[PDB]
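Structure data follow from entry-v8.cif (mmCIF, C-alpha atoms and all ligand atoms):
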data_data
#
loop_
_atom_site.label_atom_id
_atom_site.label_comp_id
_atom_site.auth_asym_id
_atom_site.auth_seq_id
_atom_site.Cartn_x
_atom_site.Cartn_y
_atom_site.Cartn_z
CA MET A 1 0.00 0.00 0.00
CA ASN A 2 0.80 3.70 -0.33
CA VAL A 3 -0.64 7.17 -0.12
CA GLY A 4 -3.31 7.72 -2.75
CA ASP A 5 -4.68 4.19 -2.73
CA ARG A 6 -8.32 3.58 -1.95
CA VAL A 7 -9.12 0.87 0.57
CA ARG A 8 -11.98 -0.92 2.34
CA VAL A 9 -12.05 -2.08 5.97
CA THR A 10 -12.03 -5.87 5.49
CA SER A 11 -11.53 -6.77 9.15
CA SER A 12 -13.44 -6.02 12.36
CA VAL A 13 -12.22 -2.58 13.44
CA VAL A 14 -14.05 -0.97 16.37
CA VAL A 15 -13.12 2.67 16.88
CA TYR A 16 -14.74 5.28 19.15
CA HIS A 17 -13.77 8.55 17.48
CA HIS A 18 -16.39 8.43 14.74
CA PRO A 19 -18.38 11.70 14.54
CA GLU A 20 -21.44 9.60 13.63
CA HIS A 21 -21.48 7.69 16.91
CA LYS A 22 -18.98 9.78 18.89
CA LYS A 23 -17.64 8.39 22.18
CA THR A 24 -19.34 5.05 21.50
CA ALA A 25 -18.18 1.77 19.97
CA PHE A 26 -18.66 1.42 16.20
CA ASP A 27 -17.37 -1.17 13.72
CA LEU A 28 -15.62 0.49 10.75
CA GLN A 29 -15.77 -2.69 8.68
CA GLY A 30 -17.15 -2.08 5.21
CA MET A 31 -16.12 1.57 4.86
CA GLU A 32 -13.99 2.79 1.98
CA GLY A 33 -11.49 5.54 2.62
CA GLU A 34 -8.06 6.30 1.20
CA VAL A 35 -4.60 5.77 2.61
CA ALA A 36 -3.28 9.17 3.64
CA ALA A 37 0.00 8.09 5.27
CA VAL A 38 2.17 5.07 6.11
CA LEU A 39 4.18 5.43 9.34
CA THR A 40 7.47 3.51 9.34
CA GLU A 41 10.06 6.24 9.84
CA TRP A 42 10.64 9.75 11.16
CA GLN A 43 13.74 11.67 10.12
CA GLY A 44 15.42 8.47 9.03
CA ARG A 45 15.04 6.86 12.47
CA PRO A 46 12.41 4.06 12.75
CA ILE A 47 9.09 4.50 14.50
CA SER A 48 6.94 1.63 15.67
CA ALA A 49 3.30 2.52 15.16
CA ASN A 50 1.34 -0.72 15.47
CA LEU A 51 -1.26 0.74 13.09
CA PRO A 52 0.98 2.39 10.40
CA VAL A 53 -1.64 2.66 7.66
CA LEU A 54 -3.55 5.92 8.06
CA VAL A 55 -6.79 6.02 6.11
CA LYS A 56 -8.93 9.15 5.53
CA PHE A 57 -12.66 8.46 5.07
CA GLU A 58 -15.89 10.28 4.32
CA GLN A 59 -16.83 13.07 6.76
CA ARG A 60 -13.39 14.36 7.75
CA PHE A 61 -12.85 11.21 9.80
CA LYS A 62 -9.68 9.13 9.59
CA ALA A 63 -8.39 6.07 11.42
CA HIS A 64 -5.36 3.85 11.79
CA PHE A 65 -5.13 0.20 10.68
CA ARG A 66 -2.60 -2.61 10.25
CA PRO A 67 -1.88 -3.72 6.67
CA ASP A 68 -4.12 -6.79 6.99
CA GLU A 69 -7.16 -4.91 8.23
CA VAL A 70 -7.39 -3.33 4.78
CA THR A 71 -7.53 -4.48 1.16
CA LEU A 72 -6.69 -2.31 -1.85
CA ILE A 73 -9.43 -1.71 -4.43
CA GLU A 74 -8.95 -1.94 -8.25
CA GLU B 11 26.76 -18.48 36.71
CA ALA B 12 23.22 -17.38 37.64
CA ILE B 13 21.56 -18.47 40.91
CA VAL B 14 19.06 -21.27 40.38
CA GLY B 15 15.64 -21.09 42.03
CA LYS B 16 15.85 -17.32 41.89
CA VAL B 17 15.52 -14.70 39.14
CA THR B 18 18.88 -13.52 37.92
CA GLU B 19 19.33 -10.12 36.29
CA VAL B 20 21.67 -10.05 33.32
CA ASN B 21 23.07 -7.62 30.77
CA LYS B 22 24.46 -7.62 27.25
CA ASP B 23 27.73 -8.99 28.65
CA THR B 24 26.34 -11.80 30.83
CA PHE B 25 23.25 -13.26 29.10
CA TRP B 26 24.83 -15.56 26.48
CA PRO B 27 27.49 -16.96 28.85
CA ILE B 28 24.83 -17.89 31.38
CA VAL B 29 22.63 -19.41 28.69
CA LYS B 30 25.51 -21.38 27.19
CA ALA B 31 25.98 -22.72 30.70
CA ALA B 32 22.50 -24.01 31.49
CA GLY B 33 23.04 -27.25 29.62
CA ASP B 34 19.70 -29.09 29.85
CA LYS B 35 17.76 -26.74 32.12
CA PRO B 36 15.59 -24.49 29.90
CA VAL B 37 16.11 -20.75 30.24
CA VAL B 38 13.41 -18.11 30.56
CA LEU B 39 14.09 -14.42 29.90
CA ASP B 40 12.00 -11.56 31.23
CA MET B 41 12.62 -8.48 29.07
CA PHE B 42 11.20 -5.56 31.00
CA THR B 43 11.33 -1.89 31.89
CA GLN B 44 11.27 -0.33 35.35
CA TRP B 45 8.07 1.66 34.90
CA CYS B 46 5.67 -0.50 32.91
CA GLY B 47 2.58 -1.60 34.81
CA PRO B 48 1.92 -5.04 33.31
CA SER B 49 5.59 -5.89 33.76
CA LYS B 50 5.31 -4.88 37.41
CA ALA B 51 2.20 -7.04 37.72
CA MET B 52 4.16 -10.06 36.46
CA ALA B 53 7.16 -9.35 38.67
CA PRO B 54 5.81 -11.15 41.80
CA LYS B 55 4.39 -14.07 39.88
CA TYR B 56 7.59 -14.25 37.87
CA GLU B 57 9.71 -14.63 40.98
CA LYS B 58 7.59 -17.46 42.44
CA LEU B 59 7.97 -19.42 39.19
CA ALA B 60 11.71 -19.25 39.70
CA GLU B 61 11.33 -20.41 43.31
CA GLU B 62 8.98 -23.17 42.22
CA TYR B 63 10.74 -24.60 39.14
CA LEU B 64 14.31 -25.26 40.28
CA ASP B 65 14.93 -27.11 37.04
CA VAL B 66 14.73 -23.97 34.87
CA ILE B 67 17.01 -20.93 34.98
CA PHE B 68 15.01 -17.71 35.36
CA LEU B 69 16.61 -14.46 34.18
CA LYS B 70 15.60 -10.83 33.68
CA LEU B 71 16.81 -8.06 31.38
CA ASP B 72 16.30 -4.39 32.10
CA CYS B 73 15.60 -3.12 28.56
CA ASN B 74 17.20 0.29 29.02
CA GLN B 75 19.76 2.19 26.92
CA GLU B 76 22.71 0.39 28.46
CA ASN B 77 21.44 -2.89 27.08
CA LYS B 78 20.03 -1.45 23.87
CA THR B 79 22.19 -3.70 21.66
CA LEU B 80 21.24 -7.01 23.29
CA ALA B 81 17.60 -5.97 23.40
CA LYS B 82 17.83 -5.38 19.65
CA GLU B 83 19.70 -8.65 19.08
CA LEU B 84 16.94 -10.54 20.85
CA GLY B 85 14.02 -8.46 19.63
CA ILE B 86 11.30 -6.70 21.56
CA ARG B 87 8.48 -4.17 21.15
CA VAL B 88 5.86 -5.10 23.73
CA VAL B 89 6.69 -5.07 27.42
CA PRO B 90 7.05 -7.46 29.03
CA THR B 91 8.24 -10.14 26.62
CA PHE B 92 9.60 -13.55 27.53
CA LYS B 93 12.07 -15.42 25.36
CA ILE B 94 12.45 -19.15 26.10
CA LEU B 95 15.74 -20.84 25.27
CA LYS B 96 16.79 -24.48 25.39
CA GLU B 97 20.30 -25.42 24.23
CA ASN B 98 21.96 -22.13 23.27
CA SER B 99 18.94 -20.82 21.36
CA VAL B 100 15.51 -19.18 21.51
CA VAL B 101 12.76 -21.72 20.96
CA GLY B 102 9.61 -19.86 21.91
CA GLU B 103 8.29 -16.51 23.07
CA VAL B 104 5.44 -14.92 25.05
CA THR B 105 4.65 -11.21 24.85
CA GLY B 106 2.48 -9.53 27.46
CA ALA B 107 1.72 -10.11 31.13
CA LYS B 108 0.11 -13.48 30.59
CA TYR B 109 0.67 -15.85 33.52
CA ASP B 110 -1.39 -18.63 31.99
CA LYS B 111 0.61 -18.35 28.78
CA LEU B 112 4.16 -17.85 30.08
CA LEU B 113 3.49 -20.89 32.23
CA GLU B 114 2.12 -23.35 29.65
CA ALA B 115 5.06 -22.09 27.61
CA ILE B 116 7.50 -23.06 30.38
CA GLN B 117 5.86 -26.44 30.95
CA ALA B 118 6.46 -27.17 27.27
CA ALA B 119 10.21 -26.67 27.77
CA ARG B 120 10.44 -28.89 30.86
CA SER B 121 9.34 -31.21 28.01
CA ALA C 1 -6.90 35.45 6.72
CA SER C 2 -4.41 35.97 9.57
CA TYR C 3 -4.54 37.22 13.14
CA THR C 4 -1.63 38.02 15.46
CA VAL C 5 -1.20 35.66 18.41
CA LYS C 6 0.76 36.78 21.47
CA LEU C 7 2.21 33.90 23.49
CA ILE C 8 3.23 34.30 27.13
CA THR C 9 5.99 31.70 27.51
CA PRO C 10 7.42 31.11 30.98
CA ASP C 11 10.72 32.13 29.43
CA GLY C 12 9.50 35.38 27.91
CA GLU C 13 6.90 36.80 25.56
CA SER C 14 6.42 36.11 21.87
CA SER C 15 4.13 37.31 19.13
CA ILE C 16 3.67 35.17 16.01
CA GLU C 17 1.53 35.68 12.92
CA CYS C 18 -0.91 32.73 12.99
CA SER C 19 -3.02 32.28 9.85
CA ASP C 20 -6.78 31.74 10.21
CA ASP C 21 -6.93 28.13 8.98
CA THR C 22 -3.87 27.14 11.04
CA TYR C 23 -3.55 25.89 14.64
CA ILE C 24 -1.89 28.11 17.21
CA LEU C 25 0.60 25.34 18.02
CA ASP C 26 1.44 24.58 14.40
CA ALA C 27 1.62 28.31 13.83
CA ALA C 28 3.94 28.76 16.80
CA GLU C 29 6.22 26.06 15.44
CA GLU C 30 6.80 27.80 12.13
CA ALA C 31 8.54 30.62 13.99
CA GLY C 32 10.74 28.30 16.01
CA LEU C 33 8.72 28.32 19.23
CA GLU C 34 9.18 25.10 21.22
CA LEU C 35 5.74 24.82 22.85
CA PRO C 36 4.84 21.51 24.64
CA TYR C 37 2.44 18.82 23.39
CA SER C 38 1.79 15.07 23.37
CA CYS C 39 -1.09 13.82 21.21
CA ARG C 40 -1.88 16.88 19.09
CA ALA C 41 -5.51 15.78 18.67
CA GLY C 42 -7.11 17.73 21.49
CA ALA C 43 -7.43 14.71 23.77
CA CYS C 44 -4.87 15.43 26.45
CA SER C 45 -3.98 18.46 28.57
CA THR C 46 -0.34 18.94 27.57
CA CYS C 47 -0.44 21.55 24.78
CA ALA C 48 -2.86 23.23 27.18
CA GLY C 49 -2.54 27.01 27.36
CA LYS C 50 -4.73 29.91 28.57
CA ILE C 51 -6.53 32.90 26.99
CA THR C 52 -5.88 36.36 28.47
CA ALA C 53 -7.60 38.11 25.59
CA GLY C 54 -9.08 37.23 22.20
CA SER C 55 -11.10 34.45 20.56
CA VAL C 56 -10.09 30.92 19.48
CA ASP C 57 -11.80 27.99 17.80
CA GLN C 58 -10.67 24.91 19.65
CA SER C 59 -13.76 23.11 18.34
CA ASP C 60 -11.81 19.89 17.65
CA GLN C 61 -10.83 19.68 21.31
CA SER C 62 -12.43 16.94 23.41
CA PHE C 63 -10.58 16.61 26.73
CA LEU C 64 -11.40 19.93 28.39
CA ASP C 65 -14.84 19.90 30.04
CA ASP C 66 -17.25 22.83 29.90
CA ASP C 67 -15.99 24.31 33.17
CA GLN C 68 -12.39 24.31 31.95
CA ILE C 69 -13.19 26.13 28.73
CA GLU C 70 -15.42 28.67 30.48
CA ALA C 71 -12.49 29.13 32.87
CA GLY C 72 -10.61 30.38 29.81
CA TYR C 73 -8.31 27.49 28.91
CA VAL C 74 -7.59 26.02 25.48
CA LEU C 75 -5.68 23.32 23.66
CA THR C 76 -3.22 24.98 21.28
CA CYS C 77 -2.74 21.83 19.17
CA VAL C 78 -6.35 22.12 18.08
CA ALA C 79 -7.07 25.79 18.77
CA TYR C 80 -7.77 28.01 15.74
CA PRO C 81 -7.40 31.79 15.84
CA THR C 82 -10.61 33.80 15.33
CA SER C 83 -9.17 37.21 16.27
CA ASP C 84 -5.93 38.80 17.49
CA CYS C 85 -5.19 37.17 20.85
CA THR C 86 -2.96 36.39 23.78
CA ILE C 87 -2.49 32.84 25.01
CA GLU C 88 -0.35 31.79 27.94
CA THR C 89 1.53 28.60 27.14
CA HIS C 90 2.51 25.78 29.50
CA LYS C 91 -0.69 26.41 31.44
CA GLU C 92 -1.41 22.84 32.58
CA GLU C 93 0.50 22.76 35.87
CA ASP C 94 -2.46 24.66 37.36
CA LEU C 95 -5.40 23.56 35.24
CA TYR C 96 -6.70 20.90 37.64
CA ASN D 8 7.49 16.82 41.70
CA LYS D 9 4.84 18.92 39.86
CA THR D 10 5.09 16.97 36.60
CA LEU D 11 4.04 13.72 38.29
CA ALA D 12 0.89 15.53 39.41
CA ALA D 13 -0.40 16.67 36.02
CA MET D 14 0.24 13.19 34.68
CA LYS D 15 -1.92 11.82 37.49
CA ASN D 16 -4.65 14.42 36.92
CA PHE D 17 -4.64 13.76 33.21
CA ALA D 18 -5.07 10.10 33.98
CA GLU D 19 -8.10 10.60 36.25
CA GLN D 20 -9.86 13.02 33.94
CA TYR D 21 -9.15 10.99 30.78
CA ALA D 22 -10.56 7.81 32.38
CA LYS D 23 -13.75 9.57 33.48
CA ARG D 24 -14.24 11.32 30.14
CA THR D 25 -13.96 7.97 28.31
CA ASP D 26 -15.53 5.73 30.94
CA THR D 27 -12.33 3.72 31.12
CA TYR D 28 -11.42 2.48 34.58
CA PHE D 29 -8.19 2.10 36.48
CA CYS D 30 -6.80 -1.38 37.16
CA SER D 31 -7.86 -2.99 40.46
CA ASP D 32 -4.20 -2.96 41.57
CA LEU D 33 -3.60 0.79 41.63
CA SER D 34 0.11 0.05 42.04
CA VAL D 35 0.06 -0.96 38.38
CA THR D 36 -1.65 2.33 37.77
CA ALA D 37 0.97 4.26 39.75
CA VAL D 38 3.86 2.84 37.77
CA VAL D 39 2.23 3.57 34.44
CA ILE D 40 1.81 7.15 35.61
CA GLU D 41 5.28 7.33 37.09
CA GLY D 42 7.01 6.08 33.94
CA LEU D 43 4.50 7.99 31.84
CA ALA D 44 5.56 11.12 33.65
CA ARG D 45 9.20 10.11 33.90
CA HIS D 46 9.17 10.32 30.10
CA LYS D 47 7.70 13.80 29.78
CA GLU D 48 10.48 14.93 32.16
CA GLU D 49 13.06 13.48 29.74
CA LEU D 50 11.65 13.58 26.22
CA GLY D 51 9.06 16.29 26.66
CA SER D 52 6.13 13.99 25.93
CA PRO D 53 4.40 11.25 27.92
CA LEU D 54 5.63 8.57 25.49
CA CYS D 55 4.14 5.20 26.42
CA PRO D 56 6.35 3.61 29.13
CA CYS D 57 5.30 0.08 28.20
CA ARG D 58 6.82 -0.46 24.72
CA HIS D 59 10.39 -0.59 23.38
CA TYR D 60 11.50 1.88 20.74
CA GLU D 61 14.51 2.34 18.52
CA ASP D 62 14.47 6.13 18.87
CA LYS D 63 12.38 7.69 21.63
CA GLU D 64 13.13 11.24 20.46
CA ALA D 65 11.66 10.28 17.09
CA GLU D 66 8.70 8.29 18.45
CA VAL D 67 7.85 11.45 20.33
CA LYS D 68 7.90 13.79 17.32
CA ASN D 69 5.77 11.34 15.36
CA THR D 70 3.43 11.21 18.40
CA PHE D 71 1.87 7.77 17.74
CA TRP D 72 2.87 6.49 21.14
CA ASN D 73 2.34 9.75 23.05
CA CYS D 74 -0.18 9.13 25.85
CA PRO D 75 -3.07 8.94 25.07
CA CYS D 76 -1.73 6.96 22.14
CA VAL D 77 -3.55 6.44 18.85
CA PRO D 78 -4.89 2.97 19.82
CA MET D 79 -6.28 4.01 23.22
CA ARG D 80 -7.67 7.06 21.45
CA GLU D 81 -9.24 5.24 18.51
CA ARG D 82 -9.90 1.81 19.98
CA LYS D 83 -9.65 2.21 23.77
CA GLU D 84 -6.67 -0.17 23.72
CA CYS D 85 -4.34 0.88 26.54
CA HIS D 86 -1.52 -1.66 26.67
CA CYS D 87 -0.10 -0.23 29.96
CA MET D 88 -3.35 -1.10 31.75
CA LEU D 89 -3.83 2.54 32.73
CA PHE D 90 -7.23 2.71 31.00
CA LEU D 91 -9.31 -0.46 30.93
CA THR D 92 -12.78 -0.81 29.43
CA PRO D 93 -15.54 -1.96 31.82
CA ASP D 94 -15.77 -5.49 30.43
CA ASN D 95 -12.16 -6.25 31.37
CA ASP D 96 -11.02 -8.83 33.93
CA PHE D 97 -8.49 -6.34 35.37
CA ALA D 98 -10.72 -3.29 35.74
CA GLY D 99 -11.75 -1.62 38.98
CA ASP D 100 -14.52 0.85 39.75
CA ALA D 101 -12.07 3.70 40.13
CA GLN D 102 -11.32 6.73 37.95
CA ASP D 103 -9.12 8.42 40.55
CA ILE D 104 -5.99 7.41 42.46
CA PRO D 105 -4.86 8.96 45.78
CA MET D 106 -1.73 11.07 45.31
CA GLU D 107 -0.39 9.44 48.47
CA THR D 108 -0.53 6.13 46.59
CA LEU D 109 1.87 6.99 43.75
CA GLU D 110 4.45 8.41 46.14
CA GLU D 111 4.45 5.24 48.23
CA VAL D 112 4.61 3.13 45.08
CA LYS D 113 7.59 5.20 43.95
CA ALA D 114 9.57 3.97 46.96
CA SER D 115 8.29 0.41 47.44
CA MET D 116 9.41 0.08 43.82
CA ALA D 117 12.99 -1.07 44.44
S1 LIG A 201 -3.23 4.91 26.78
FE1 LIG A 201 -1.59 4.24 25.28
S2 LIG A 201 0.03 5.78 25.66
FE2 LIG A 201 -1.44 5.95 27.43
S3 LIG A 201 -0.51 4.58 29.03
FE3 LIG A 201 -1.98 3.28 27.74
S4 LIG A 201 -0.63 2.38 26.17
FE4 LIG A 201 0.51 4.01 27.03
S1 LIG A 202 -1.29 17.13 22.66
FE1 LIG A 202 -3.31 16.41 23.32
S2 LIG A 202 -4.55 18.26 23.48
FE2 LIG A 202 -2.55 18.96 22.80
#

Would you give me this structure, written as structure tokens?
Amino acid sequence: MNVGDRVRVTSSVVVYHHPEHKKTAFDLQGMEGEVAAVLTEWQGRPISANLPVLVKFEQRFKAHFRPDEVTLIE
Amino acid sequence: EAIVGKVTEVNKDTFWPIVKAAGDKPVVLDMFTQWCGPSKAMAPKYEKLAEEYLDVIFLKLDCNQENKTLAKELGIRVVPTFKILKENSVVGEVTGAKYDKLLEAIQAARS
Amino acid sequence: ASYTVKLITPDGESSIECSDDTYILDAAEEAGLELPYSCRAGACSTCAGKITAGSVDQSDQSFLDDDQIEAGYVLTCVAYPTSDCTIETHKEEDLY
Amino acid sequence: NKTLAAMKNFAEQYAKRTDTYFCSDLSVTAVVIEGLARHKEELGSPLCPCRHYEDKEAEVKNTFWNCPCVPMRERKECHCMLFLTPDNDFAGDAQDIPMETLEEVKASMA
């Protein structure tokens, strides 16, 4: 994956920061956003974000996933 | 060189010599940090295992900046993390403060 | 769109030109100001600062209750400038 | 130390505001706050005291593991056991921790 790709939540992902159901559990599975960033480094030195794929969805809402929780589309 | 029946703290310069000197007794390594809750929760229960299984060397590694190179050689991200060795080499691992796991993992080594 | 933010650092006083669609903290950083922070998503109380005068738009904030905002606080990592203003930085140590 | 305070007060208020609860063994909670705070005092950010990094200074600028970290923030997953969801075998019915507690857990810890 990489920035610009479009993806769909193919694995159970329960966030709580969704404006739709703010402060309350909500499964993101099924939604199609777009990878906005992939966190592996920072100034050449390695980072260790356990959810390095940042996806930006519909309604200025974005969330973090692992590579397997998402599948590229096309 | 480590004291059996007790948890021995090692460093980058003493881990491999102690391991290479356990022979048949399986070795268990606690890779921790001084201020990490779960680790602290395991501490007590980790000692008693040492006191209870005299046929297994129990060790601990402070994963600070002094031991950064060994910590990297072994490999760790979650704290705590237990590496299990038997005959000069890592054979299994358990990450997290899981007593039930770490244990069944140990019992597998005592074959 | 750009207002002029005055920051009261415990080390001195600084005045930066923060745009209107830019956060006070991110604005502060473009001028070399080393203001504190942790999450930068208005969920903690680290970037926390205080308003002496002016109007912000920390609408993306979520950690400061209603009594803390009414008390005049703000989270600079999510705060937007709405007018010229003066914010005191490092104002967490006495927010609770 | 004043820094250790704020870290404690952040803890309490963040738990209440998200309905997360402190672990039944508040000692575990005191060490996550201690190390959480002992990081701000060194790196400038409460970088999670329960994981191992290759470059703390960097982890901190990225901010992924700055407490409250992305996971705890998006999925209520607090690996340090500072914030536990109700339906969690380690939880407690507390969202506050006596300041006297941390101090005594700072010494007993040796
Ligand atoms: S919420 Fe995340 S950053 Fe905060 S103590 Fe838990 S694991 Fe660490
Ligand atoms: S870093 Fe969390 S509100 Fe500023």

Chain D contacts on chain C, all atoms listed in the file, 8 Å, as a VMD selection string = chain C and resid 36 to 40 43 to 45 63 92 to 93 96

Using only C-alpha atoms, please write the residues we just selected to a file, as a PDB file, keeping the file's coordinate frame.
ATOM      1  CA  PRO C  36       4.840  21.510  24.640  1.00  0.00           C
ATOM      2  CA  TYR C  37       2.440  18.820  23.390  1.00  0.00           C
ATOM      3  CA  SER C  38       1.790  15.070  23.370  1.00  0.00           C
ATOM      4  CA  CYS C  39      -1.090  13.820  21.210  1.00  0.00           C
ATOM      5  CA  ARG C  40      -1.880  16.880  19.090  1.00  0.00           C
ATOM      6  CA  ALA C  43      -7.430  14.710  23.770  1.00  0.00           C
ATOM      7  CA  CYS C  44      -4.870  15.430  26.450  1.00  0.00           C
ATOM      8  CA  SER C  45      -3.980  18.460  28.570  1.00  0.00           C
ATOM      9  CA  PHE C  63     -10.580  16.610  26.730  1.00  0.00           C
ATOM     10  CA  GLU C  92      -1.410  22.840  32.580  1.00  0.00           C
ATOM     11  CA  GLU C  93       0.500  22.760  35.870  1.00  0.00           C
ATOM     12  CA  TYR C  96      -6.700  20.900  37.640  1.00  0.00           C
TER      13      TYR C  96
END

Give as number ranges by chain each residue that has an atom at most 10 Å from (-9.8, 6.4, 14.5) in the file, counting only C-alpha atoms.
-> A: 13-18, 28, 54-56, 61-65; D: 77-82

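Residue neighbourhood of region 57-65 of chain D, excluding near-sequence residues (fewer than 6 positions): residues 42, 45, 46, 47 and 48 of chain A; 46, 86, 87, 88 and 89 of chain B; 50 and 87 of chain D, at 7 Å, using all atoms listed in the file.
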
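Residues with any atom within 12 Å of residue 68 (chain C), counting all atoms listed in the file and excluding same-chain neighbours fewer than 6 positions away, are residues 45, 48, 49, 50, 51, 61, 62, 74, 75, 91, 92, 94, 95 and 96 of chain C; 20 of chain D.
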
What does the file look like for those residues with C-alpha atoms, as a PDB file, in the coordinates of the input?
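Just written: out.pdb:
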ATOM      1  CA  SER C  45      -3.980  18.460  28.570  1.00  0.00           C
ATOM      2  CA  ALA C  48      -2.860  23.230  27.180  1.00  0.00           C
ATOM      3  CA  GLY C  49      -2.540  27.010  27.360  1.00  0.00           C
ATOM      4  CA  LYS C  50      -4.730  29.910  28.570  1.00  0.00           C
ATOM      5  CA  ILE C  51      -6.530  32.900  26.990  1.00  0.00           C
ATOM      6  CA  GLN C  61     -10.830  19.680  21.310  1.00  0.00           C
ATOM      7  CA  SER C  62     -12.430  16.940  23.410  1.00  0.00           C
ATOM      8  CA  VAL C  74      -7.590  26.020  25.480  1.00  0.00           C
ATOM      9  CA  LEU C  75      -5.680  23.320  23.660  1.00  0.00           C
ATOM     10  CA  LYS C  91      -0.690  26.410  31.440  1.00  0.00           C
ATOM     11  CA  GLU C  92      -1.410  22.840  32.580  1.00  0.00           C
ATOM     12  CA  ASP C  94      -2.460  24.660  37.360  1.00  0.00           C
ATOM     13  CA  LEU C  95      -5.400  23.560  35.240  1.00  0.00           C
ATOM     14  CA  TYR C  96      -6.700  20.900  37.640  1.00  0.00           C
TER      15      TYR C  96
ATOM     16  CA  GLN D  20      -9.860  13.020  33.940  1.00  0.00           C
TER      17      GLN D  20
END

Interface residues on chain B facing chain D, 12 Å, all atoms listed in the file, written as number ranges by chain = B: 41-54, 72-75, 77-79, 81-82, 85-91, 105-107

Point out the residue among A:44, A:9, A:23, A:50 with the least atom-to-atom distance to chain C, counting only C-alpha atoms.
-> A:23

Within 7 Å of (-9.5, 8.2, 36.7), all atoms listed in the file: residues as a list in words?
->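 Checked against the point, the hits come out as residues 18, 19, 20, 21, 22, 23, 28, 29, 101, 102, 103 and 104 of chain D.
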
Would you mind listing what lies within 12 Å of residue 10 (chain C) as number ranges by chain, with all atoms listed in the file counted and same-chain residues fewer than 2 positions away left out?
-> C: 7-8, 12-14, 34-36, 49, 87-91, 93

Quick one, how far is CA of residue 10 (chain A) from CA of residue 24 (chain A)?
->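 Pair CA of residue 10 (chain A) / CA of residue 24 (chain A) returns 20.7 Å.
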
Could you check how far CA of residue 84 (chain C) sits from CA of residue 60 (chain A), in Å to one decimal?
->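 Between CA of residue 84 (chain C) and CA of residue 60 (chain A) the gap is 27.3 Å.
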
A straight line from CA of residue 115 (chain B) to CA of residue 36 (chain B) spans 11.0 Å

Generate the missing atoms of region 68-78 of chain B up to N, CA, C and O atoms and report them as a compact mmCIF listing (two decimals), in the coordinates of the input.
# COMPACT_ATOMS: atom_id res chain seq x y z
N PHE B 68 15.81 -18.91 35.63
CA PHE B 68 15.01 -17.71 35.36
C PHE B 68 15.88 -16.45 35.38
O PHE B 68 16.60 -16.17 36.35
N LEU B 69 15.82 -15.68 34.30
CA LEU B 69 16.61 -14.46 34.18
C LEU B 69 15.73 -13.25 33.87
O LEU B 69 14.55 -13.40 33.55
N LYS B 70 16.32 -12.07 33.96
CA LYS B 70 15.60 -10.83 33.68
C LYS B 70 16.55 -9.83 33.03
O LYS B 70 17.73 -9.77 33.36
N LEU B 71 16.02 -9.05 32.09
CA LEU B 71 16.81 -8.06 31.38
C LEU B 71 16.14 -6.71 31.44
O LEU B 71 15.02 -6.54 30.96
N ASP B 72 16.82 -5.74 32.03
CA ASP B 72 16.30 -4.39 32.10
C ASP B 72 16.52 -3.93 30.67
O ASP B 72 17.66 -3.93 30.19
N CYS B 73 15.46 -3.56 29.96
CA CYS B 73 15.60 -3.12 28.56
C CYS B 73 15.83 -1.63 28.38
O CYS B 73 15.11 -0.97 27.63
N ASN B 74 16.84 -1.12 29.07
CA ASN B 74 17.20 0.29 29.02
C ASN B 74 18.15 0.60 27.86
O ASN B 74 18.24 -0.17 26.89
N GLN B 75 18.84 1.74 27.96
CA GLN B 75 19.76 2.19 26.92
C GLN B 75 21.15 1.63 27.08
O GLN B 75 21.98 1.79 26.20
N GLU B 76 21.40 0.98 28.21
CA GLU B 76 22.71 0.39 28.46
C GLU B 76 22.72 -0.95 27.77
O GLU B 76 23.76 -1.41 27.30
N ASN B 77 21.55 -1.58 27.71
CA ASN B 77 21.44 -2.89 27.08
C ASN B 77 20.72 -2.82 25.75
O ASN B 77 20.20 -3.83 25.28
N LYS B 78 20.70 -1.64 25.15
CA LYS B 78 20.03 -1.45 23.87
C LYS B 78 20.43 -2.45 22.78
O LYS B 78 19.58 -2.93 22.03
